[PDB]
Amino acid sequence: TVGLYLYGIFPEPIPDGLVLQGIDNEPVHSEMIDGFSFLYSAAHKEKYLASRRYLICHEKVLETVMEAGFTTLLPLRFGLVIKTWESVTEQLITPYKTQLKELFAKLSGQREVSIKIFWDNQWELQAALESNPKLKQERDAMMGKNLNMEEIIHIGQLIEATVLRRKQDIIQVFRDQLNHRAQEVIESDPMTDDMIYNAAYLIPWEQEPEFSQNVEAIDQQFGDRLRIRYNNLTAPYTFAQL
């Protein structure tokens, strides 16, 4: 009535039940457009705000369908409400039909897992500064030399470069042991000050337990030094994009 809430797009039909409640307790259905199944439910608002509850509900809908076997999908970002199916016509989808068929081909059977790594930044900064006596003497004597802004920043560039290598020593262990298990690895910018690594992996669905086993083994190589957050179930937001 008010509109249709869109969760994601699927390369295959979703069976009638599969019974599932979604946003505002509404039942979740499937609609075919160009041989693509649009997972949806009836909206109560035209504009949904991204509250924690609503975000969790959206993700749960996608995960419940994924655990039901429907693992290949382009998950849609939160709060997409269309008024009628006229917003998503056959005419609009036909040009992007090829790109979609192609995305689902590289996605089918595959699975997104992600790893984030945290550490104590202040501790690792102070440890890097005492591993290099040269930089600590230049930093303390940089006043008196009356430097231009470039020379000042260059010193800061040398302070971070030793911290960069400490990260590269940790990060390389992950690349050596986990990248070969994956079809594609995407690395993003760290979101917080203690975060030093934010990577996503496209692995075959069935190879997850072996991947998870390797993660815990690495989490056991490093002690309390690192805080490794591994996610083995999520909609493939990182990889399912045109």
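Residues carry their position along the shown sequence, with the first being 1.
query = Mean C-alpha B-factor higher for 131 to 139, or for 160 to 168?
reply = According to the PDB entry, the answer is 131 to 139.
query = Out of 54 to 62 and 210 to 218, which one has CA B-factors that are higher on average in the deposited record?
reply = Comparing 54 to 62 with 210 to 218, the higher average CA B-factor belongs to 210 to 218.
ask   = For the listed residues 110, 122, 114, 84, which one has the largest C-alpha B-factor as given in the deposited model?
value = Answer for 110, 122, 114, 84: 122, with the highest C-alpha B-factor.
ask   = Per the entry, which of 77, 154, 106, 145 tops the list for Cα B factor?
value = Across 77, 154, 106, 145, the entry lists the biggest C-alpha B-factor for 145.
task = Within this chain's modelled residues, let me know which third the CA B factor of residue 67 belongs to: lowest, middle or highest.
result = Lowest third - that is where residue 67 ends up once the chain's C-alpha B-factors are sorted.
query = Lowest, middle or highest third: where is residue 240 by C-alpha B factor in its chain?
reply = According to the entry, residue 240 has a C-alpha B-factor in the chain's middle third.
inquiry  = Please place residue 203 in the lowest, middle or highest third of its chain according to the CA B-factor in the PDB entry.
reply    = Tercile = lowest for this residue's CA B-factor.
task = Sorting the chain's modelled residues by C-alpha B-factor, tell me whether residue 13 ends up in the lowest, middle or highest third.
result = Within its chain, residue 13 is a middle-third residue by C-alpha B-factor, going by the deposited values.
inquiry  = Which third, lowest, middle or highest, does the C-alpha temperature factor of residue 233 belong to within its own chain?
reply    = For residue 233, whose C-alpha B-factor we compare with every modelled residue in the chain, the answer is the middle third.
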